[PDB]
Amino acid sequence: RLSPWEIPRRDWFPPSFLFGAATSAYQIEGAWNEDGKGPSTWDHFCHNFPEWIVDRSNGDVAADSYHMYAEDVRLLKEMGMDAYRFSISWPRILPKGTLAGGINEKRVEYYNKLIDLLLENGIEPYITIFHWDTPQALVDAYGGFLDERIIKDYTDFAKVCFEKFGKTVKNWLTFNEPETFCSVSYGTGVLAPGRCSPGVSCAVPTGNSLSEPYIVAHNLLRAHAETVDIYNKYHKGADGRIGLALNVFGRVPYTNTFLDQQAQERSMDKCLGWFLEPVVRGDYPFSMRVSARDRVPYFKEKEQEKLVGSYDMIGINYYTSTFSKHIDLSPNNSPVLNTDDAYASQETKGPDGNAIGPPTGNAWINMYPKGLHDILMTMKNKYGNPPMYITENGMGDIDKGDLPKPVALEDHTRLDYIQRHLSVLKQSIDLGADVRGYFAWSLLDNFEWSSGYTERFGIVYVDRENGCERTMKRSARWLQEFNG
């Protein structure tokens, strides 16, 4: 699609730049109740509310990476990847969610095998501690992230990870996509545990879409601050680094008018700022407090001190952008979802009737690589230009049982998507943004949450009817050439 001379080459990027791919434990591992592993909220959701997954599927087997992790490493090595981002399953390590319930040795051994194999192959592990898979035992006990009790259990889990793996792993991310986790698991309720306000359509409409996202977010940020403190004190040493990975939608003012520019700013605050401003300066964005008032908790003095500057790097998970269009404050508008607190509607079509960019396959990923540049300029100019990694970037191909393997392997849309994003990343780095790596989402076709297996995001095809055998797609073959 790009002309030949516009296709990125490896030396567009610094020799120390990292190219990798990313996965998460629930989406790839399978072995959901094997070797002493406890259930997560995702196990519980899929098994009890199968109707809330598009194809009524689950992650019981997924891409079977608990058993096939050696294939994963082989593929990464053959492609010449420098790094691999994966997550650790909390209830695989602590089946009851707590230290008191005991550490699952077989779970520790699995990640040790994977880390060893990566390192022996010269691939640097970037580990996500939490990727949405809360131990169901903690939900049973106290509602999981809805209660401040989560903070101690999360930090004990992270501490175990640092103890078992920290000698070998020097790059850690506490939380993946906290905004999505909060807004979509507790607001719209699409993701486990599937909670929302009465009247909102989700599996468990006995929550509160205005309050619970903020509660969960607050406990998450408190857990982040404590964990980074423990890391810095006992595990960082000379070379360790810890941060978190934020999803960020690009937001473009619906018009270049002050009302919609204001809406765009409230929208950036409500997605990026909600988590970035706490770790940058120790509190939530002003716009979030002045809007949502008492629904936004306050950090304690000691926590706050720990929160300020609690990162060595920031992960950016980038998929798409929308226009942001102003909504007036009036007796006629009452927020229903936490995201309504931004007083903005997120439009995929602009005022000239055009989509922001073309669809890539699924319901929401529109192609808009410029949005990545806009976000990186914000990071550079507004928030101090911290070290950054694009910790996820990718898109999905629809497979409703209809898609022949040869067609799925010829993933030209994804190849073009990746090339165009790498082109904009080069432009951003040339403009001074401190980006140091890029990870494709995903290494593998996997369980796409509430879409089940109907969306294939992998650069590697996973054939679930043939023992999850892996085959590189055209995108993976290009990355292989690109990496040399």
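Residues carry their position along the shown sequence, with the first being 1.
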| property | result |
| --- | --- |
| Greater mean Cα temperature factor according to the PDB record, 402-410 or 226-234 | 402-410 |
| Average Cα temperature factor in the PDB entry - higher stretch of 371-379, 300-308 | 300-308 |
| Largest Cα B-factor, entry values, listed residues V252, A263, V290, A203 | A203 |
| Deposited CA B-factor, highest of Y417, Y26, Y69, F439 | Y69 |
| Within-chain third of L422 by Cα B-factor, per the entry | lowest |
| Entry-reported Cα temperature factor of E277, expressed as the chain third it lands in | lowest |
| Assigned third (lowest, middle, highest) for the C-alpha B factor of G166 | highest |
| Assigned third (lowest, middle, highest) for the C-alpha B factor of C468 | highest |
| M268, C-alpha B-factor rank within chain (lowest, middle or highest third) | lowest |
